[PDB]
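The block underneath contains the structure these notes are about, expressed in structure tokens.
Per-chain residue numbering starts at 1, and chain names A, B, C, D, E, F, G, H and I are given in the order in which the chains are listed.
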Amino acid sequence: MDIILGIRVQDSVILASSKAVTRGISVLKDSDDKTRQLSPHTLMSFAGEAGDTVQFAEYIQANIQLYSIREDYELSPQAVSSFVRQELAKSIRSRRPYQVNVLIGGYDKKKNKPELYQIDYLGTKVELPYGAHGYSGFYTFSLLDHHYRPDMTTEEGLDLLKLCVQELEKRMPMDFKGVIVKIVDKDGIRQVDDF
Amino acid sequence: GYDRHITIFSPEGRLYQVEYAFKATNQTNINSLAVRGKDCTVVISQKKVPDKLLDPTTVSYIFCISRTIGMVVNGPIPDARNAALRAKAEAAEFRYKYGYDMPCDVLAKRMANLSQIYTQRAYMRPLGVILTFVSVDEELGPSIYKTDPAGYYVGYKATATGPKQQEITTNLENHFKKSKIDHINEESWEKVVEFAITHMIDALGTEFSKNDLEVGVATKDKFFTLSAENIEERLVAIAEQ
Amino acid sequence: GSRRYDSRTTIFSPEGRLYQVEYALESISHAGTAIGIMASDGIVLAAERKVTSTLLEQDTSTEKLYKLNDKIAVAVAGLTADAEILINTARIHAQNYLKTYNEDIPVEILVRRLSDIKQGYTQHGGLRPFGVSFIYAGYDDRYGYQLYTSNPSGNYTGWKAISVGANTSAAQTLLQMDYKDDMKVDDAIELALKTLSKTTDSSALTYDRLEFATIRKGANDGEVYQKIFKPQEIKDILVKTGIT
Amino acid sequence: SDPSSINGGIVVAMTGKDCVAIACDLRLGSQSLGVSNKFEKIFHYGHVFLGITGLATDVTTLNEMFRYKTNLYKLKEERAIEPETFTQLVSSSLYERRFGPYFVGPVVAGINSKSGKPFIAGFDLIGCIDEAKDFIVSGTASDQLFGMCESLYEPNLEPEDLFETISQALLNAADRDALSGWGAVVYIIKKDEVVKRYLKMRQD
Amino acid sequence: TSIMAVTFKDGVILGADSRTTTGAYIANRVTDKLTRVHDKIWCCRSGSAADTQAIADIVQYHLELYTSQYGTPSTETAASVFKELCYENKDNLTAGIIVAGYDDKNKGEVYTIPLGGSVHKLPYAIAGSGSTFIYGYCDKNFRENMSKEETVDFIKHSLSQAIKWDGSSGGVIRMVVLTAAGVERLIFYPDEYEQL
Amino acid sequence: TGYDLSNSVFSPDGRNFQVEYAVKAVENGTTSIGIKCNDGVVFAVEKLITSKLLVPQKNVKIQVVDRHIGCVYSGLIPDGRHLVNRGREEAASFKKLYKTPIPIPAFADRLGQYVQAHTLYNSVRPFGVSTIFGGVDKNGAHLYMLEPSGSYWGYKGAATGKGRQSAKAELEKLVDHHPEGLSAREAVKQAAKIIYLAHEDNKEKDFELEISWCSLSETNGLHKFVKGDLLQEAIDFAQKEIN
Amino acid sequence: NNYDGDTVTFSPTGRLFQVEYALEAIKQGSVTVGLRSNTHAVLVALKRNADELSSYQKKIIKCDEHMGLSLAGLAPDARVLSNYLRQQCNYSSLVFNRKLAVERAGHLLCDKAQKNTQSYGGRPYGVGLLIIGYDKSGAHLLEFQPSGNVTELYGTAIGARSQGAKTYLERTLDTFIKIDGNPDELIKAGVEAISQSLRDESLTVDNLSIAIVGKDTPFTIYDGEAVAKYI
Amino acid sequence: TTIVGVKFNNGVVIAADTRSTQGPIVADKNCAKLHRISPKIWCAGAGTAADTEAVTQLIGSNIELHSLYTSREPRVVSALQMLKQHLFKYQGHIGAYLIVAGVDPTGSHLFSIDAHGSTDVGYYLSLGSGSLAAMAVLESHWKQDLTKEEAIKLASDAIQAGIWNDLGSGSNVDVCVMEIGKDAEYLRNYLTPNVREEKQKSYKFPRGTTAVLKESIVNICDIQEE
Amino acid sequence: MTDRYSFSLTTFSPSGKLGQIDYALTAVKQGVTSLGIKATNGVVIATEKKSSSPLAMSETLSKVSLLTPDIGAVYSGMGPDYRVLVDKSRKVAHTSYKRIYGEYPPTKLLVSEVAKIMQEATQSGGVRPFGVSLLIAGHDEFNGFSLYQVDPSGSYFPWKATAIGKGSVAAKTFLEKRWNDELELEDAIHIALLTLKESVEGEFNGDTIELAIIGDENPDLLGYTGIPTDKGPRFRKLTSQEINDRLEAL
């Protein structure tokens, strides 16, 4: 799929993902949720080749849910991101690789810190204050480089995110039909239903 | 008492199947002898054709393993030929892989390692044979190396195998105690064969015709067996002195 | 055919016991005693070497206490050669986990993995089980200091203090008597050595007949240190506690 | 398309009097797009230091692989691995993937704990060892680094003088490469102390 | 390459040039293309030097193992073992081999095995890049039951012309004579055969 | 004791009792023979007529391998068929690689090694047959006989089955009275006689005679069955000698 | 005794007891008869029921248009062997455009049964078969034993009380071989033959099973009211 | 790369230059191209540098085990046979071009090996990008019955031709002499005709020239006691 | 065919004994005596060449074997089992170490690999244990000189000095009285010869005794010169003459 954004503020991680799904000529859907909850305090958004994206995301989800039951314990965002990276790093030298890029937003309950990880289909992992995949960063990073502060509130993070989406809606040729926004904090995962 | 059926240890630390394989070795009731000259290695063995319906030319316990290596076997013919085919295959593969002719002692070690495996692995039985390998090695010269069902092997100055091995062994021991050298000091292989036959006659106390013996000779770059008429010429020379 | 010679190592008795597991446990009962004691500020591992010689090179010798990683160690009771097979497998598992998750393996996860391997040899394959019992001493940030044991059946359990090997009945009674929950490492060191001193089949307990190890947060600030005691250091702690 | 220049980056190592130095930039990118300014390329296993340039996924994978292997080495050997031995392990590990290689340019640096001798080495993506006395270079600005090192380097430099030489070699090489920069780190390594210094440089 | 084998009254003679090329560079000017797979069974090699060496080494192994079990192999048998390797691995091989041998029962025999892996028994055979230039000469000048001296001259004159016109061929002319008398090696230098 | 319960187990004598028990099955079978003549070999076998309901000349026992080797056996008939099937695979692969038809001594060892292999493990049973076989190759005529142990030798004459002692004695007379040799046509006649004489050990039921031969002059070195007039001539010669 | 635990063990007298025990299963089975002339070949089989509510177990199986058999012993083993025959008949037709010779079919069955008598782990087949067929050399009848022994015959019978039918055929040999071009009379002889093996019970409409193959007659099985004509 | 091999009276000598390149860039100025297969069997390699070392060490390792198994000193023909069969199996993909030389109980030997598995025998040989320059010298000055001193001279002269005339070759000359009944003498940097001249200027910086953001001590020691 | 013995032939008995391992140790007890002594600057291993026949050339049978240039081995028990273990030990030193790290393994780790092979023959399907006990002497840079014993069970122990086989009990007592931590290599060789004389019945000379040392580097045995860091093997087998010279000062 197309645009996926992420921003880590003071006490939460915010992920924004486009709603459009395009089958070449036509837009088949304009309400698609490009994300999966891996654990109560860990969310993963994704974008890449059709089919592979959901197949990969659900496979990861199943594995983390299996771990949670076996140990009666939630893995840290860092631990989840490493597991995901290894799967993609394994995938890139397979017969047919997963063509999937992901953002992992999680709140570490031990350290009481939000964390945002950016991983591409090759298995290239980086921890960032804000990140993106595809052409999304080309339009948004200049705004984020200017306005971002590490002590931002969740409301300030959403406002900076709106400015990013407005710039995308102005200068991008494709109509991505807006974004679904989700927040990850100490209380878990919730969706902002008006954006 | 299943420790006597397969190759596992008995309470005394013994392998009975290996010991019983040594007993099968003497089932043919044939005695063999091997000696070294200056330029050659000679091996002789008794030949017994009890049935008149047999083709005597096909009855043999001496094998041409490679051009340079010869092998005499003490034990039943099926196990003998099993070992012969394998040795031939090993010698050929060695030459292909390493670019030179397999030495006599190295082949002996290889076949001894294979025998060792049968004493340790339960599904394989030992072969009831003793293998005596002979050649004129390009590095070590005249060579005699002998393998048994236990997986044991060693080089020899001279050696004997069969029911009456002890009598032949002591006869050879006494000769080398006199001469104080590790071989038969003789130029031609013909006279070394004559030495071998003479000392077998002395040890066993029996006379031999041309059809009662079987002879193999190793020289530089070839091993060959003698015909009945070649042996007859050897027997005539012995009788004339 | 081959069926004739098969001992059938993985069958139940009429009473519902696994013959080979039971007999392996009988083997372990003749091995040198190993003791583990867990305290609030650390864990102690003490173990007795079996009837040694004066010509044995002790300072380079290891038959009881093995390091699995920087946070986890084991005490062995049984066939040493069997234990080393399992120990190497456990060391690899810890490294696999570290590579996958970029975090040190939790103690119980390592213990469960080794115990599952032991279990397999009792249910399938027709091979004899491993004649080994382990005491696992370890630390992680979830449960803190932990003591476990596993035996040839593949069953494992957690402990505050535990013994394996010879005279476990006598040893466990002595530990049950003197152990308290607010105990410290230095007190646990003394209890472990006193227990071995009374349960030993030898005439006296000396430095050359012992292996000793501690896992302490007595490492400079929030971190854990493993200490495999040297022969001279075992000799000193024996004098300090008043056994020699 | 070329895997060795997708992410960009550089590593350089030098020897001095009773010391070694190893340094790297901090950039990770997706071709033209700069993605991270905190992507360190130098790792250490005990007292042995390893720098890795090239495809970033393989940089991460190999670090995790050599951590794995040096940890098992230490448990069995009961001692930390030495630079000479580790060099052979890197070479072996790379060559086992001869026909499906990791797209990397590793650099080893360290001091042998027993002899005290300074040691550096470099590799191509498939295992060939380049063990130079003077310096080793790697990455997308290796040509530039060869030029700086060849003129700036002299033998038997003291630790604090060696720091200046390797720092100037890296900085000026990185500024002539589009895919290198965005910060830099320099390790000065002596027999029983190691100092790590982050450098101030242009951020374009 | 220029190679040939010719049967005559007393047996068979193999002939070859000594040039090995990598493009226009002569990588070896004194190559031995006449190769022994058994005492009196030899072959001539053309095509990939790697392929023909690998094949000849395998055939030598097969015939050594044959000899240990069944005694001396026939020339036909040797040709069959060559064919089996060339035919079954035709997709991966570039080899053109001439097999020549002497039995006492069959006397001198020649078998040629081209690229495809087919076998052809012939009175004489020519092969290699240089052979194209002497099809006319050889067809006009070959006779059956020639003497040793006549056969040596036929091969010498033939390969001389092949060398003269083919840039890929050159160096010395090697020959191997196979008869009941034994195995004789011959060599002829440029100053000799160029003035013919 | 218990050494005879499993194959490949050496007894304290150094004997394989299972192989010796396989010989008992061979000794229980019908008589079969082989005669080596001047330029070839002749094979013959006794076929017991269990009932009138057996179709004459249909249940053929002698088997061909390649086109130049004949095989006959006594004991468990299915075991013999299994051995011949292997022999045919061995002969096919030999001709595939080496072009020439398999020599008889070469073929003999292929069967020998295969039979010997069934004495090495307790997971297999030894062969319950002794096989007489041979033919013509480049070096002339060859006759072999192969036992359950894997043991084989070359023979001038060979016999196996229930009437082997009788047959052997008759073969020994032929060797003594013909040092210069026996012709192919003579050997067919003699083979018929020997089977008829050996039938005294199986005198309860009547039998059917079956003969085959390979000869350089008479069959061009190919294996063929003796049929029609030549078979009847041999039966008449045999019947005349017993009376 | 000590030598009947598996098929891989000879007894001291050279016997294979597991094979002999498999032969015993055939003797417990219901009687079936086979006989032929020069033009036709016939199978007659007495089917056995479990009780009065049960059906009568089928005894005859078709293998091709020109070949088929009757069974006596373990029925599942007959299904395995007949399936193998169906495949071999079929391989011959597809690859060589050739109907499989009855004699060659016997050779294939012999070899398949033999492998189960020389290897550890397996067991011998517990069924006997009577194969009839018409090929390029006319009519044929074969008898298969699970020892591996296959025999070509004019007539035979296997199963319980089969000796009575076998003696009858041995007397009638000269008569029934001459019944050429008359299928009904050849079946009559087969029905009269199997009657020499009956005790207490007689041939009823759902008891009798008949099969025939010949010159211009594909292998066909008759059951039910189709055999009332011959009762 | 330039590598040569030359036979002489009582043995054989091999030589090589010391330049290894990444395209037009010199990666190492003092590379070691003379590899040891066994004590008295040495080989020089051209082509893919990892392949020539990898294939040399594998065969060298197997040769050592073979020597222990047979209780005999290794032979050059064994190294040759094992090398060509390995290289033939990989159909040229292992880019190793070798000159193999040595002494053994059979005598002194000199062979060359191509990446596809073809081998050849000679009294003088050359391989690599500078092989044509080297072979020109060898074809001009080689004769039968060379002495040890004459062979070392000829071999090094052939490498020099490669050094000066081939851009793929440079720096120093390495030599290894293998004489019958003697220890093999490895002469590292036998010639050094390419030392760099003193620079015009010193480029040692004043201390404090580089701008620094942060300093910190790196903990290379293990977790401490107490 | 196929190996249908996929089950363990060594199993625990009701008393907790592993019968086949105990019986393997009994075989070792019947074997000829061998010993090892560690000095400050070296290690010595020794045994008797019990010749089966005087016609046999006992030089062609090597009881003391080189495993690596700095590691050697001797045994007591079944000779053929020892020979195949030496083959496997030599190969594993390369495959699991030298081809990875570019150097020979330290003594303790090679011993560990040999032990693993011996343990597996105690648990794997269709095999018996090895009927030998090994004594392995060696040197490496970081551990110095060391001496190890390996048993049929796979267990191994480090020793200052020890003996195995026929007269081991008496030999170990003899070594306890003579061994100290200040022994030079020549003193250890002297003690080894004294100890071994007690268990030998017949001839006692250089031709009936096999003895090797792990000592100083031997550049004369390297086979080549030119690499300063390569200084030669520390393993050296003493000649027949060298043994006899030390039997005069006995």
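Annotations
Here is the rule we use: a residue touches a chain if its C-beta (ideal position, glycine included) is under 8 Å from a C-beta of that chain, and two chains touch if they have at least 3 such contacts.
Annotation of subunit F and subunit I: jointly contacted by B, C, touch as defined at the top.
The fewest steps needed to get from subunit B to subunit G, moving only between touching chains, is 2. Chain I has the C-alpha centroid lying closest to the overall centroid of all protein C-alpha atoms shown. Looking at D-I and B-F side by side, the one with more C-beta contacts is B-F. Rounded to whole angstrom units, the spacing between the C-alpha centres of subunit E and subunit F is 46. Averaging Cα coordinates per chain places subunit C and subunit F 70 Å apart. In whole angstrom, the spacing between the mean C-alpha positions of subunit E and subunit H is 36. Note: centroid distance subunit G to subunit H, computed from Cα atoms, is 79 Å. Chain contacts: subunit F has residues 5-6, 105, 109, 121-124 touching two or more partner chains. Contact of a single residue of subunit H with at least two other chains is seen at positions 69, 85. In subunit G, the residues that reach two or more other chains under the touch definition are 8, 120-121.
Of all possible chain pairings, those that touch are A-C, A-D, B-C, B-E, B-F, B-H, B-I, C-D, C-F, C-G, C-H, C-I, D-H, D-I, E-F, E-H, F-G, F-I, H-I. Taken together, the subunit A residues at the contact with subunit D in this complex read 85, 88-89, 92-93, 118, 120, 122-128, 131, 137-138. Interface of subunit I with subunit H (complex): residues 66, 87, 90-91, 94, 98-99, 222-227.
On the subunit B side of its complex with subunit C, the touching residues are 2, 5-6, 122-123. Every residue of subunit D that touches subunit C in the complex is listed here, in rising order: 64-65, 67-68, 71-72, 75. Against subunit G, the residues of subunit F that register as touching in their complex are 4-7, 18, 21-28, 51-55, 58-59, 76-79, 81-82, 85, 118, 122-126, 128.
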